[PDB]
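Novice: File input-v3.pdb below, PDB, C-alpha atoms:
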```
ATOM      1  CA  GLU A   1      85.588  42.386  68.929
ATOM      2  CA  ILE A   2      88.953  42.901  67.230
ATOM      3  CA  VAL A   3      88.631  42.775  63.448
ATOM      4  CA  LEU A   4      90.784  40.025  61.932
ATOM      5  CA  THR A   5      90.855  38.665  58.378
ATOM      6  CA  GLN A   6      92.773  35.963  56.515
ATOM      7  CA  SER A   7      94.529  37.274  53.419
ATOM      8  CA  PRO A   8      94.009  34.151  51.232
ATOM      9  CA  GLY A   9      90.335  33.222  51.148
ATOM     10  CA  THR A  10      91.233  29.916  49.505
ATOM     11  CA  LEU A  11      94.653  28.545  48.556
ATOM     12  CA  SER A  12      95.155  25.720  46.054
ATOM     13  CA  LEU A  13      98.506  23.938  46.104
ATOM     14  CA  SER A  14      99.800  20.469  45.237
ATOM     15  CA  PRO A  15     100.649  18.025  48.056
ATOM     16  CA  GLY A  16     104.302  18.990  48.104
ATOM     17  CA  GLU A  17     106.448  21.264  50.262
ATOM     18  CA  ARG A  18     104.859  24.749  49.904
ATOM     19  CA  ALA A  19     102.203  26.317  52.159
ATOM     20  CA  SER A  20     101.565  29.841  53.494
ATOM     21  CA  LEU A  21      98.705  31.387  55.518
ATOM     22  CA  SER A  22      98.289  35.061  56.490
ATOM     23  CA  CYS A  23      96.018  36.760  59.070
ATOM     24  CA  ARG A  24      95.805  40.548  59.442
ATOM     25  CA  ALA A  25      94.432  42.188  62.602
ATOM     26  CA  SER A  26      93.230  45.784  62.908
ATOM     27  CA  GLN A  27      94.600  46.172  66.454
ATOM     28  CA  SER A  28      98.029  44.871  67.437
ATOM     29  CA  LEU A  29      97.845  41.503  69.210
ATOM     30  CA  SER A  30     101.315  41.682  70.806
ATOM     31  CA  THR A  31     102.117  38.095  69.740
ATOM     32  CA  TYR A  32      98.861  36.672  71.180
ATOM     33  CA  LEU A  33      97.272  34.618  68.365
ATOM     34  CA  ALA A  34      96.517  30.918  67.859
ATOM     35  CA  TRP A  35      95.862  28.696  64.833
ATOM     36  CA  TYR A  36      93.332  25.842  64.604
ATOM     37  CA  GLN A  37      93.023  23.073  62.005
ATOM     38  CA  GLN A  38      89.456  21.858  61.446
ATOM     39  CA  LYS A  39      89.112  18.733  59.332
ATOM     40  CA  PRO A  40      85.733  18.515  57.556
ATOM     41  CA  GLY A  41      83.359  16.575  59.759
ATOM     42  CA  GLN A  42      85.701  16.928  62.749
ATOM     43  CA  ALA A  43      86.166  19.283  65.682
ATOM     44  CA  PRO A  44      88.883  21.966  65.450
ATOM     45  CA  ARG A  45      92.340  21.074  66.783
ATOM     46  CA  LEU A  46      94.849  23.593  68.131
ATOM     47  CA  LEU A  47      97.916  23.901  65.899
ATOM     48  CA  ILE A  48     100.049  26.590  67.574
ATOM     49  CA  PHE A  49      99.666  28.947  70.544
ATOM     50  CA  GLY A  50     101.013  32.482  70.499
ATOM     51  CA  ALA A  51     102.147  32.043  66.865
ATOM     52  CA  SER A  52     105.633  31.175  68.119
ATOM     53  CA  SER A  53     105.485  27.855  69.997
ATOM     54  CA  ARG A  54     104.287  24.583  68.475
ATOM     55  CA  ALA A  55     101.528  22.783  70.358
ATOM     56  CA  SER A  56     102.084  19.303  71.757
ATOM     57  CA  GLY A  57     101.204  16.471  69.408
ATOM     58  CA  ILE A  58     101.729  18.689  66.350
ATOM     59  CA  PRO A  59     104.232  17.638  63.648
ATOM     60  CA  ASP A  60     107.520  19.495  63.283
ATOM     61  CA  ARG A  61     106.586  20.399  59.698
ATOM     62  CA  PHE A  62     103.931  22.812  60.984
ATOM     63  CA  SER A  63     105.432  26.225  61.772
ATOM     64  CA  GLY A  64     104.202  29.600  62.978
ATOM     65  CA  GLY A  65     105.506  33.129  62.651
ATOM     66  CA  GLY A  66     104.755  36.824  62.789
ATOM     67  CA  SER A  67     104.160  39.494  65.422
ATOM     68  CA  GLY A  68     101.596  42.209  66.056
ATOM     69  CA  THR A  69      99.430  43.047  63.052
ATOM     70  CA  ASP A  70     100.990  40.472  60.687
ATOM     71  CA  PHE A  71     100.781  36.733  61.416
ATOM     72  CA  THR A  72     102.031  34.075  58.983
ATOM     73  CA  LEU A  73     101.544  30.297  59.146
ATOM     74  CA  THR A  74     103.869  28.332  56.834
ATOM     75  CA  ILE A  75     104.049  24.556  56.430
ATOM     76  CA  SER A  76     107.507  23.365  55.397
ATOM     77  CA  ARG A  77     106.264  19.950  54.173
ATOM     78  CA  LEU A  78     102.702  19.297  53.035
ATOM     79  CA  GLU A  79     100.841  15.967  53.134
ATOM     80  CA  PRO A  80      97.301  15.029  52.031
ATOM     81  CA  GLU A  81      96.183  14.686  55.648
ATOM     82  CA  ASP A  82      97.250  18.273  56.338
ATOM     83  CA  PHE A  83      94.714  19.820  53.940
ATOM     84  CA  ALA A  84      91.886  21.285  56.037
ATOM     85  CA  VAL A  85      90.174  24.557  56.883
ATOM     86  CA  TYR A  86      92.448  26.738  59.037
ATOM     87  CA  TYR A  87      91.200  29.349  61.534
ATOM     88  CA  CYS A  88      93.236  31.966  63.415
ATOM     89  CA  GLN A  89      91.713  33.215  66.704
ATOM     90  CA  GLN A  90      92.668  36.465  68.483
ATOM     91  CA  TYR A  91      92.670  36.240  72.282
ATOM     92  CA  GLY A  92      94.839  39.230  73.172
ATOM     93  CA  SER A  93      91.855  41.538  73.734
ATOM     94  CA  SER A  94      88.387  40.578  74.939
ATOM     95  CA  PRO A  95      86.072  39.480  73.419
ATOM     96  CA  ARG A  96      87.955  36.635  71.740
ATOM     97  CA  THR A  97      87.301  36.457  67.985
ATOM     98  CA  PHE A  98      87.836  33.866  65.250
ATOM     99  CA  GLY A  99      88.916  34.374  61.652
ATOM    100  CA  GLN A 100      86.673  33.406  58.752
ATOM    101  CA  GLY A 101      89.104  30.623  57.825
ATOM    102  CA  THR A 102      91.075  29.435  54.797
ATOM    103  CA  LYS A 103      90.639  26.102  53.013
ATOM    104  CA  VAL A 104      93.782  24.663  51.425
ATOM    105  CA  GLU A 105      92.800  23.107  48.097
ATOM    106  CA  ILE A 106      94.713  20.477  46.120
ATOM    107  CA  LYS A 107      96.109  21.655  42.828
ATOM    108  CA  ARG A 108      94.982  19.708  39.778
ATOM    109  CA  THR A 109      95.020  20.226  36.014
ATOM    110  CA  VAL A 110      92.285  22.685  35.059
ATOM    111  CA  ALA A 111      89.226  20.821  33.745
ATOM    112  CA  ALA A 112      86.249  22.141  31.790
ATOM    113  CA  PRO A 113      82.951  21.346  33.575
ATOM    114  CA  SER A 114      80.413  18.751  32.427
ATOM    115  CA  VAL A 115      76.921  20.314  32.371
ATOM    116  CA  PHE A 116      73.711  18.287  32.797
ATOM    117  CA  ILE A 117      70.234  19.889  32.818
ATOM    118  CA  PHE A 118      67.208  17.944  34.119
ATOM    119  CA  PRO A 119      63.590  19.014  33.408
ATOM    120  CA  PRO A 120      61.162  18.809  36.356
ATOM    121  CA  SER A 121      59.475  15.438  36.888
ATOM    122  CA  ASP A 122      55.792  14.852  36.144
ATOM    123  CA  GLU A 123      55.108  13.923  39.779
ATOM    124  CA  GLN A 124      56.693  17.232  40.784
ATOM    125  CA  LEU A 125      54.472  19.027  38.254
ATOM    126  CA  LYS A 126      51.486  17.276  39.829
ATOM    127  CA  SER A 127      52.669  18.668  43.166
ATOM    128  CA  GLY A 128      52.596  22.155  41.583
ATOM    129  CA  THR A 129      56.214  23.202  42.205
ATOM    130  CA  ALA A 130      58.662  22.913  39.292
ATOM    131  CA  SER A 131      62.420  22.596  39.883
ATOM    132  CA  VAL A 132      65.123  22.632  37.184
ATOM    133  CA  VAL A 133      68.473  21.168  38.276
ATOM    134  CA  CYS A 134      71.796  22.058  36.633
ATOM    135  CA  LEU A 135      74.599  19.582  37.343
ATOM    136  CA  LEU A 136      78.321  20.324  37.008
ATOM    137  CA  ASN A 137      80.736  17.376  37.038
ATOM    138  CA  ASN A 138      84.504  17.211  37.681
ATOM    139  CA  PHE A 139      85.236  20.935  37.355
ATOM    140  CA  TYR A 140      88.392  22.426  38.871
ATOM    141  CA  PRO A 141      88.849  25.138  40.156
ATOM    142  CA  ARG A 142      85.913  24.957  42.563
ATOM    143  CA  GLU A 143      84.862  28.525  41.784
ATOM    144  CA  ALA A 144      82.291  28.647  38.985
ATOM    145  CA  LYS A 145      79.466  30.864  37.730
ATOM    146  CA  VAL A 146      75.995  29.518  36.905
ATOM    147  CA  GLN A 147      73.355  31.833  35.412
ATOM    148  CA  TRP A 148      69.763  30.813  34.694
ATOM    149  CA  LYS A 149      68.317  32.290  31.491
ATOM    150  CA  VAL A 150      64.591  32.045  30.783
ATOM    151  CA  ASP A 151      63.514  33.374  27.381
ATOM    152  CA  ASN A 152      67.021  34.886  27.164
ATOM    153  CA  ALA A 153      66.568  36.721  30.492
ATOM    154  CA  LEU A 154      68.927  36.243  33.443
ATOM    155  CA  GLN A 155      67.470  35.081  36.773
ATOM    156  CA  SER A 156      69.051  35.965  40.129
ATOM    157  CA  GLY A 157      68.077  35.128  43.700
ATOM    158  CA  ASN A 158      65.816  32.203  42.752
ATOM    159  CA  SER A 159      68.641  29.630  42.668
ATOM    160  CA  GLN A 160      70.417  27.608  45.372
ATOM    161  CA  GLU A 161      73.957  26.356  44.728
ATOM    162  CA  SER A 162      75.254  23.114  46.315
ATOM    163  CA  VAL A 163      78.921  22.044  46.127
ATOM    164  CA  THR A 164      80.304  18.646  47.134
ATOM    165  CA  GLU A 165      83.661  18.354  48.862
ATOM    166  CA  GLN A 166      86.723  17.689  46.708
ATOM    167  CA  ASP A 167      86.705  14.106  45.422
ATOM    168  CA  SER A 168      89.550  11.994  46.772
ATOM    169  CA  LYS A 169      90.293  10.082  43.558
ATOM    170  CA  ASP A 170      90.616  12.974  41.106
ATOM    171  CA  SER A 171      90.556  16.116  43.309
ATOM    172  CA  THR A 172      87.495  17.466  41.484
ATOM    173  CA  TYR A 173      84.430  19.448  42.587
ATOM    174  CA  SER A 174      80.792  18.882  41.537
ATOM    175  CA  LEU A 175      78.148  21.645  41.772
ATOM    176  CA  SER A 176      74.342  21.454  41.562
ATOM    177  CA  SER A 177      72.215  24.574  41.008
ATOM    178  CA  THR A 178      68.449  24.418  41.567
ATOM    179  CA  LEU A 179      65.946  26.847  40.031
ATOM    180  CA  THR A 180      62.521  26.695  41.714
ATOM    181  CA  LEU A 181      59.398  27.853  39.884
ATOM    182  CA  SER A 182      55.662  27.635  40.467
ATOM    183  CA  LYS A 183      53.633  25.493  38.084
ATOM    184  CA  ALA A 184      51.954  28.550  36.557
ATOM    185  CA  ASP A 185      55.295  30.348  36.237
ATOM    186  CA  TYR A 186      56.857  27.261  34.651
ATOM    187  CA  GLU A 187      53.979  27.070  32.159
ATOM    188  CA  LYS A 188      54.412  30.728  31.168
ATOM    189  CA  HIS A 189      58.021  30.306  29.918
ATOM    190  CA  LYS A 190      58.628  27.888  27.023
ATOM    191  CA  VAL A 191      62.474  27.755  27.098
ATOM    192  CA  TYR A 192      64.757  27.239  30.119
ATOM    193  CA  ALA A 193      68.562  27.649  29.771
ATOM    194  CA  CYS A 194      71.613  27.673  32.088
ATOM    195  CA  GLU A 195      74.842  29.540  31.237
ATOM    196  CA  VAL A 196      78.036  28.291  32.947
ATOM    197  CA  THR A 197      81.327  30.242  32.865
ATOM    198  CA  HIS A 198      84.506  28.414  33.910
ATOM    199  CA  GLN A 199      88.278  28.784  33.599
ATOM    200  CA  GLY A 200      88.507  25.470  31.772
ATOM    201  CA  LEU A 201      85.850  26.442  29.247
ATOM    202  CA  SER A 202      87.174  28.443  26.303
ATOM    203  CA  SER A 203      83.773  30.153  25.996
ATOM    204  CA  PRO A 204      80.739  30.114  28.315
ATOM    205  CA  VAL A 205      78.640  26.969  27.853
ATOM    206  CA  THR A 206      74.852  27.304  27.789
ATOM    207  CA  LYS A 207      72.652  24.203  28.118
ATOM    208  CA  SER A 208      68.934  24.523  27.392
ATOM    209  CA  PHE A 209      65.769  22.436  27.214
ATOM    210  CA  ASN A 210      62.307  23.205  25.846
ATOM    211  CA  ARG A 211      59.273  22.890  28.115
ATOM    212  CA  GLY A 212      57.592  19.517  27.790
ATOM    213  CA  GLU A 213      60.584  18.234  25.806
ATOM    214  CA  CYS A 214      59.597  20.480  22.894
TER     215      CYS A 214
ATOM    216  CA  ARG B   1      97.709  38.136  98.917
ATOM    217  CA  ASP B   2      98.688  34.669  97.644
ATOM    218  CA  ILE B   3     102.320  33.978  96.731
ATOM    219  CA  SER B   4     102.102  30.174  96.468
ATOM    220  CA  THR B   5     104.167  28.652  93.652
ATOM    221  CA  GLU B   6     102.790  25.116  94.055
ATOM    222  CA  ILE B   7     102.041  23.535  90.690
ATOM    223  CA  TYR B   8      98.345  23.825  89.881
ATOM    224  CA  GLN B   9      96.465  20.535  89.587
ATOM    225  CA  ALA B  10      94.021  20.431  86.679
ATOM    226  CA  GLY B  11      93.801  16.639  86.409
ATOM    227  CA  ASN B  12      92.779  13.624  88.451
ATOM    228  CA  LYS B  13      96.332  12.274  88.286
ATOM    229  CA  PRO B  14      98.584  13.565  91.095
ATOM    230  CA  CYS B  15     100.506  16.634  90.087
ATOM    231  CA  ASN B  16     103.713  15.152  91.627
ATOM    232  CA  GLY B  17     105.278  18.608  91.811
ATOM    233  CA  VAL B  18     106.086  18.390  88.090
ATOM    234  CA  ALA B  19     104.351  20.686  85.600
ATOM    235  CA  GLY B  20     103.296  18.005  83.138
ATOM    236  CA  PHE B  21     100.087  17.873  81.178
ATOM    237  CA  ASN B  22      97.282  18.988  83.544
ATOM    238  CA  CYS B  23      99.926  20.608  85.820
ATOM    239  CA  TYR B  24     100.846  24.204  85.037
ATOM    240  CA  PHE B  25     102.900  26.759  86.928
ATOM    241  CA  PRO B  26     100.371  29.217  88.423
ATOM    242  CA  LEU B  27     102.408  32.355  87.735
ATOM    243  CA  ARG B  28     102.660  33.310  84.053
ATOM    244  CA  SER B  29     105.328  35.654  82.749
ATOM    245  CA  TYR B  30     103.993  39.006  81.664
ATOM    246  CA  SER B  31     105.489  40.395  78.395
ATOM    247  CA  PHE B  32     106.028  44.139  77.756
ATOM    248  CA  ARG B  33     107.468  45.823  74.660
ATOM    249  CA  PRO B  34     107.537  49.470  73.494
ATOM    250  CA  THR B  35     105.974  48.519  70.157
ATOM    251  CA  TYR B  36     103.085  46.772  71.926
ATOM    252  CA  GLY B  37      99.634  48.331  71.837
ATOM    253  CA  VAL B  38      98.398  50.689  74.536
ATOM    254  CA  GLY B  39      96.108  48.052  76.031
ATOM    255  CA  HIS B  40      99.013  45.629  76.291
ATOM    256  CA  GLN B  41     101.274  48.478  77.447
ATOM    257  CA  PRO B  42     102.150  48.374  81.179
ATOM    258  CA  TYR B  43     100.331  50.739  83.540
ATOM    259  CA  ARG B  44     101.644  51.393  87.052
ATOM    260  CA  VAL B  45      98.727  51.277  89.522
ATOM    261  CA  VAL B  46      98.649  52.385  93.171
ATOM    262  CA  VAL B  47      95.427  52.252  95.243
ATOM    263  CA  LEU B  48      95.087  54.227  98.470
TER     264      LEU B  48
END
```
The structure given in the file should be rewritten as structure tokens.

Specialist:
Amino acid sequence: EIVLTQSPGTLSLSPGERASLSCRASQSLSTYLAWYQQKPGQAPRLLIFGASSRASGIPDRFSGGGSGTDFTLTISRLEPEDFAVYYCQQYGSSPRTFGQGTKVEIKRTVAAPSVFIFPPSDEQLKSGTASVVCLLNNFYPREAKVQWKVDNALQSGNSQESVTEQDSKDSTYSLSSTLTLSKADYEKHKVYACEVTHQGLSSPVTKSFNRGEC
Amino acid sequence: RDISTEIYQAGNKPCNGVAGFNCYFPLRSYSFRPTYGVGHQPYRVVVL
């Protein structure tokens, strides 16, 4: 399997006239690469074949370029519909391989996140599993750091992070982080806190609650 | 040995002798460059 990577993991740009995508391949492909646009919730659609010739049914704005190791996909004019995950697949040498893919984000004014912390419900405590949910609202860029601190001690590997897709109205991302603890473990620690670090935030914001609404 | 150049039919619709969608020329040009990788590079083969 030929090793291929996309140089921009994620690109954020406004819906204007500027777009660029780069794929680098360890072994020369001799101008044998293709690009696919996958809309979220939809099957992938071929954009270009061979990186030189536009596929049928593809708008003129879409363009492809590059040879051998370096392949570049540039969109002359960008529209909201165009934004989607983009995958480049190498077929020159068997086995055929697919790139990890690049999502084109929509550029928006940087916004500090809104942090909400919810203590576990009494019914959940009756169940015996305690979950603390940290909610982030309307934060751009999508990338964010959430750290759980219990008794001023960081917790790693006990949290699951869920991110919604970019909201259409304001181009913003919302993230929920869940910390799962056993009832005995939850009882042991009096204070639960979550530290969030974001570009918008001047300084990291920590939101905390005391056990049993202490 | 097959040397037929008849347009391949990949669709229910009659090919019509025109290489439209679902009709493709069977022979595909083979591209060779010096810069191309060794695997892509042309090898002359003779079998006795």

Novice: Go through the shown structure with the PyMOL selection byres ((chain A and resi 88) around 10) and write out the matching residues as a list in words.

Specialist: residues 4, 5, 6, 21, 22, 23, 24, 33, 34, 35, 36, 37, 46, 47, 48, 51, 71, 73, 86, 87, 89, 90, 91, 97, 98, 99, 100, 101 and 102 of chain A

Novice: Please evaluate the ChimeraX specification (/A :<12) & /B against the displayed coordinates and give the resulting residues as number ranges by chain.

Specialist: B: 20-21, 30-41

Novice: Next, the residues of the selection above should be written as a PDB file, keeping the file's coordinate frame with C-alpha atoms.

Specialist:
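File again15.pdb, as written:
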```
ATOM      1  CA  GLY B  20     103.296  18.005  83.138  1.00  0.00           C
ATOM      2  CA  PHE B  21     100.087  17.873  81.178  1.00  0.00           C
ATOM      3  CA  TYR B  30     103.993  39.006  81.664  1.00  0.00           C
ATOM      4  CA  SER B  31     105.489  40.395  78.395  1.00  0.00           C
ATOM      5  CA  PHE B  32     106.028  44.139  77.756  1.00  0.00           C
ATOM      6  CA  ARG B  33     107.468  45.823  74.660  1.00  0.00           C
ATOM      7  CA  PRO B  34     107.537  49.470  73.494  1.00  0.00           C
ATOM      8  CA  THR B  35     105.974  48.519  70.157  1.00  0.00           C
ATOM      9  CA  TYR B  36     103.085  46.772  71.926  1.00  0.00           C
ATOM     10  CA  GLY B  37      99.634  48.331  71.837  1.00  0.00           C
ATOM     11  CA  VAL B  38      98.398  50.689  74.536  1.00  0.00           C
ATOM     12  CA  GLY B  39      96.108  48.052  76.031  1.00  0.00           C
ATOM     13  CA  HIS B  40      99.013  45.629  76.291  1.00  0.00           C
ATOM     14  CA  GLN B  41     101.274  48.478  77.447  1.00  0.00           C
TER      15      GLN B  41
END
```

Novice: Since I can't run it myself right now, could you work out what the PyMOL selection byres ((chain A and resi 192-196) around 8) selects here and report it as a PyMOL selection string?

Specialist: chain A and resi 117+134+144-152+189-191+197-198+204-211

Novice: What lies within 8 Å of residue 10 of chain B using only C-alpha atoms, ignoring chain neighbours under 3 positions off, as number ranges by chain?

Specialist: B: 22-24

Novice: Residues near residue 139 of chain A, anyone? I mean within 9 Å using all atoms listed in the file, not counting same-chain ones fewer than 3 positions away, as an MDAnalysis selection string.

Specialist: chainID A and resid 110:114 136 142:144 172:175 198 200

Novice: Compile the contact shell of residue 109 of chain A as a PDB file with C-alpha atoms, keeping the file's coordinate frame: residues with an atom at most 9 Å away, counting all atoms listed in the file, same-chain residues fewer than 2 positions apart removed.

Specialist:
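The new file selection_36.pdb reads:
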```pdb
ATOM      1  CA  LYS A 107      96.109  21.655  42.828  1.00  0.00           C
ATOM      2  CA  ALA A 111      89.226  20.821  33.745  1.00  0.00           C
ATOM      3  CA  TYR A 140      88.392  22.426  38.871  1.00  0.00           C
ATOM      4  CA  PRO A 141      88.849  25.138  40.156  1.00  0.00           C
TER       5      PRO A 141
END
```

Novice: Just the residues within 8 Å of segment 129-131 of chain A, please, counting all atoms listed in the file, with nothing from its chain fewer than 4 positions along; format it as an NGL selection string.

Specialist: :A and (119-121 or 124-125 or 178-183 or 186)

Novice: At what distance in Å, to one decimal, does atom CA of residue 115 of chain A lie from atom CA of residue 84 of chain A?

Specialist: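 The value is 28.0 Å.
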